[PDB]
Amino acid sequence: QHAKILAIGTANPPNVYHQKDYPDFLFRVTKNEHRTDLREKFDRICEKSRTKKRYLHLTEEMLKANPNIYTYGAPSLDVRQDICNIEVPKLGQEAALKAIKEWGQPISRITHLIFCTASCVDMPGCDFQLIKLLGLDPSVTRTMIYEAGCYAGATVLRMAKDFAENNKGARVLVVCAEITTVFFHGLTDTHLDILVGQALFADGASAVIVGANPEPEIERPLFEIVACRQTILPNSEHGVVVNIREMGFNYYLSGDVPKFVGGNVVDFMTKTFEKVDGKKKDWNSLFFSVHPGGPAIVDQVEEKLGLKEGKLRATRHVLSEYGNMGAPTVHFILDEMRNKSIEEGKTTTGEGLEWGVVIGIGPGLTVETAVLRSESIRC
């Protein structure tokens, strides 16, 4: 009896930033309208981003009150943390309440909490703050995952699987929440990577309830977590770096990240499915939730696995409507897939297909995969 996802909820900050307006906003509020050279480059990136809108906690009023946030390299960690240490658990709470509603059990049945964020760090942590906000049992068993990065949406499902399967009756609440205020930086041609993050990074939270042995007539599984694998892609340590600094969370992104993903995807898919059935080809038989770190990563997975037109629709839809929200994103994609499958009258939550995969990609470069089975559509 494998661990099942029993519920998914999501949440975002209320302020919507349409991509068509974001270059004007960014260059105005950071006092960079004279940088027409960088504006040209940013326009090109935004046009390629395949991101139509994003939800962001950060406002112009926050930047006016804390101009060090947009002054490249100036001290600003403290103001960023004072925001994110509050907003990350709050956004997580909103998603968690939606997951708990779908699940339909009392909060007292939650035995385990996994909280994951790369947007802040504090002691006590976000897990403790969420317990307070939700009224979880003081004796919930907690795992607090700080600063793992963009593979962690798959990682938390792997962790929840082991906790749910080894602890009989356990019910694991998994919350991933991101507020990118800590990653916002000003513009300099010495650090062009910031233009990519300024185009793609976004705010959001997911909540997933995981448990083995669903209770008949109360609980309803959406997906089964079958097998997982984590691996480091060779010779790619420079791919994604984030340093926690006095200036905030400073990030460096190599232009070679998409090529590294495409050069390794057949291998990491083959080795993952070796844990299940030995699948080694015909990847279109699966459903997919691919972390959309950028559109070029999604395109590389599509090309090298030979995926047909539309196979990655749910992944692309989330990227378009929300951007790259970090770890929560693959859970938004699973929820979108479930929603569209209901809309289309499919026989399962995975686009009518039986088997699928979640692909998380982050620093290392590290890829974590989780093989899933879908479930029949009911309640």
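Numbering starts at 1 and runs along the sequence shown.
In this entry, 263-271 shows the higher mean Cα temperature factor of the pair 263-271 and 136-144. Annotation for 55-63 versus 323-331: the higher mean temperature factor (C-alpha) is found in 55-63. Residue-level inspection of the entry shows that, of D282, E224, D122, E94, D282 has the top Cα B-factor. Per the deposited record, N15 carries the highest C-alpha B-factor of all listed residues (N15, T366, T10, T369). Per the deposited record, the Cα B-factor of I5 falls in the lowest third when ranked against the other modelled residues of its chain. Annotation for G350: C-alpha temperature factor in the lowest third relative to the rest of the modelled chain, per the entry. When all modelled residues of the chain are sorted by CA temperature factor, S341 is found within the lowest third.
Compared with the other modelled residues of the chain, the Cα B-factor recorded for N85 ranks in the lowest third.
Among all modelled residues in this chain, the alpha-carbon of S254 has a temperature factor (C-alpha) in the highest third.
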